[PDB]
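Asks: Provide a 3D model corresponding to the input given below.
(chains A and B, ligands or ions: 1)
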Amino acid sequence: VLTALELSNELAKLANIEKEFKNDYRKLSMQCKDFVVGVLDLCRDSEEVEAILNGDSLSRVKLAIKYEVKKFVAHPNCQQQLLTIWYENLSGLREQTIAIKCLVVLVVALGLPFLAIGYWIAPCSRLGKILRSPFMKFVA
Amino acid sequence: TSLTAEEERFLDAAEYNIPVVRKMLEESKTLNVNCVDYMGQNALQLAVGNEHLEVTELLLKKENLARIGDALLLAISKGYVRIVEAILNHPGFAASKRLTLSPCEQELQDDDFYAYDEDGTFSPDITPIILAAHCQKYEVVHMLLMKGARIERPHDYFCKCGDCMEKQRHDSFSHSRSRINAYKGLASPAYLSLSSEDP
Ligand SMILES: [Zn+2]
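Replies: Numbering: from 1, shown residues only, chains lettered A, B, ... in the order given. Structure as follows:
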């Protein structure tokens, strides 16, 4: 999978450099991307999905983002893992409606100075884990 | 190639000559039935992957055998109706819950029932009935329904039972995948038409 990602990037760079056989190199890079996406698609356990998404820190997801391997990142096997970290330390809030999320954003907007000053003790408190989740960082 | 000459001859005869298999499997202390290649398929698996009902019946005549569940799954994945009938006629399915419940949670699974070549299995959550529904084999679905195999409807997404929480704690991805597989089996036109009255 790492070999296919690197080869896809190299073939895309060659497609840019040549411009004569750009279609050939783009087709080859698409072949590499398709291979990576299929190998990810074969996963049927969390262990396999993790092994694909980071090698031996989502390393392969970051590499695919860098190399514009869009179908690998957008695959449900990767998306579920990304949502796992995204909605970390907060499980019920994932299932809430969009209106509840907007209300949470409004509450955070109202009370941002209070939580900011409480961050001096938050890591020793439970609320520090809540505010340190990626979704809460985005909301903040 | 760690396999001996006699077992190699028996295995290639099973894959391809019924009299050779009959002679090798009769009144011979050697030539173990559940032997396989180093990275190949079992004798039963080779006899089921290529359609040969009589050799499969001769292989299944032995009381002690392995990879019976994998043979059933491979036969069900295709239109091998008579092979499925012969395999289901084996006493192992009748005298156990192997036919109904999924390989992952059927039992302590010390014995390699549904096991594939080395470590894998199709997904461990796919029962023979679910696989038949997935492939849309009306005859196979009908046969499995007559044997008592039904697709168990997965619980609600927000279920709070002990089993659902236990499956959600570790490998939630496998939980979601197994739910999708069960719904793919249930939403199959074959299972829909043959499983219930007023479908
Ligand atoms: Zn439940």
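
Asks: how close does the most centrally placed residue in chain A get to residue A:33?
Replies: Centroid-nearest residue in chain A, with Cα atoms, centre = their mean: residue A:82, separated by 4.7 Å. For residue A:82, the distance to residue A:33 (Cβ to Cβ, to the nearest Å) stands at 18 Å. (C-beta placed from N, C-alpha, C; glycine too.)

Asks: do residue B:1 as well
Replies: Distance from residue B:1 to residue A:33, by Cβ to Cβ: 38 Å.

Asks: what about these two, which has more around it?
Replies: residue A:33 (23 against 6; other Cβ atoms under 10 Å in any protein chain shown).

Asks: which SSE is that one in?
Replies: Using DSSP states H and E, residue A:33 sits within helix A:22-41.

Asks: what residues of that helix count as buried?
Replies: Of all the residues in helix A:22-41, those buried under the rule 16 or more other Cβ atoms under 10 Å in any protein chain shown are A:25, A:28-29, A:32-33, A:35-37, A:40.

Asks: repeat for stretch B:37-51
Replies: B:37, B:41-49.

Asks: who in chain A is up against chain B?
Replies: A:44-47, A:49, A:77, A:80-81, A:84, A:95 (Cβ under 8 Å from any Cβ of the partner chain).

Asks: mind putting those residues into TSV with distance to the ion?
Replies: TSV is the format used below for the residues of chain A next to chain B (distance: Cβ to the ion, whole Å):
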residue	distance to the ion
A:44	21
A:45	20
A:46	19
A:47	23
A:49	23
A:77	23
A:80	19
A:81	23
A:84	20
A:95	16
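
Asks: need the residues of chain B near the ion, please.
Replies: B:155, B:159, B:161, B:164 (Cβ under 5 Å from the ion).

Asks: how about 6 Å then?
Replies: Counting by Cβ under 6 Å from the ion, chain B comes close to the ion at B:155, B:159, B:161, B:163-164.

Asks: ChimeraX command to pick out the buried ones of those residues?
Replies: Buried subset of the residues of chain B next to the ion, written as a ChimeraX selection, criterion 16+ other Cβ under 10 Å:
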select /B:164
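
Asks: mind checking which of the residues of chain B next to the ion land in strands?
Replies: With DSSP state E as the criterion, strands contain none of the residues of chain B next to the ion.

Asks: now, among the residues of chain B next to the ion, which is nearest to chain A?
Replies: residue B:159 (13.0 Å; Cβ to the nearest Cβ).

Asks: quick check: longest helix in chain B by residues?
Replies: With secondary structure taken from DSSP state H, chain B has its longest helix at helix B:172-186.

Asks: helix, strand, or coil at the residue lying closest to residue B:112 once chain neighbours are set aside?
Replies: Excluding the flanking residues, the one nearest residue B:112 by Cβ to Cβ, 6 or more residues apart in numbering or on different chains is residue B:66, at 5.7 Å. Going by DSSP: H, G, I helix; E, B strand; the rest coil, the secondary structure assigned to residue B:66 is coil.

Asks: hmm, residue B:66 is touching residue B:43, no?
Replies: No. With contacts defined as Cβ atoms under 8 Å, residue B:66 does not count as touching residue B:43, sitting 9.5 Å away.

Asks: so where do the helices sit in the chain?
Replies: No chain in the question, so chain A it is. With DSSP H as the criterion, chain A has helices at A:2-18, A:22-41, A:46-53, A:59-66, A:70-73, A:76-86, A:98-118, A:126-131, A:134-139.

Asks: my bad, chain B
Replies: Assigned by DSSP H, the helices in chain B fall at B:5-15, B:18-24, B:43-49, B:53-60, B:68-77, B:81-88, B:91-94, B:128-135, B:138-146, B:162-169, B:172-186, B:189-195.

Asks: counting by contacts, list what the last one packs against.
Replies: Translated: helix B:189-195. For helix B:189-195, the packing partners by 3 or more Cβ pairs under 8 Å, 6 or more residues apart in numbering or on different chains; DSSP states H and E come out as helix B:128-135, helix B:138-146.

Asks: 6 Å instead, please
Replies: Here helix B:189-195 touches helix B:138-146, going by 3 or more Cβ pairs under 6 Å, 6 or more residues apart in numbering or on different chains; DSSP states H and E.

Asks: quick check: the gap between residue B:156 and residue A:84.
Replies: Using Cβ to Cβ, residue B:156 is found at 21 Å from residue A:84.

Asks: just to revisit the earlier point, keeping just the C-alphas, turn the helix holding residue A:33 into CSV.
Replies: Extracted in CSV, the C-alpha atoms of helix A:22-41 (Å, rounded to 0.1, in the frame of the first residue of the first chain):
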residue,chain,number,x,y,z
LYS,A,22,0.1,13.0,-19.4
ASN,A,23,-3.0,10.8,-19.9
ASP,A,24,-0.9,7.6,-19.7
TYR,A,25,0.7,8.6,-16.4
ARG,A,26,-2.6,9.8,-15.0
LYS,A,27,-4.1,6.4,-15.9
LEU,A,28,-1.3,4.6,-14.1
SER,A,29,-1.6,6.8,-11.0
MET,A,30,-5.4,6.1,-11.0
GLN,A,31,-4.4,2.4,-11.2
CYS,A,32,-2.3,2.8,-8.1
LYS,A,33,-5.0,4.7,-6.3
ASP,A,34,-7.5,2.0,-7.2
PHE,A,35,-5.3,-0.7,-5.8
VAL,A,36,-4.9,1.2,-2.5
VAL,A,37,-8.6,1.8,-2.2
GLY,A,38,-9.4,-1.9,-2.9
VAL,A,39,-6.9,-3.2,-0.4
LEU,A,40,-8.5,-0.9,2.2
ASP,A,41,-12.0,-2.1,1.1
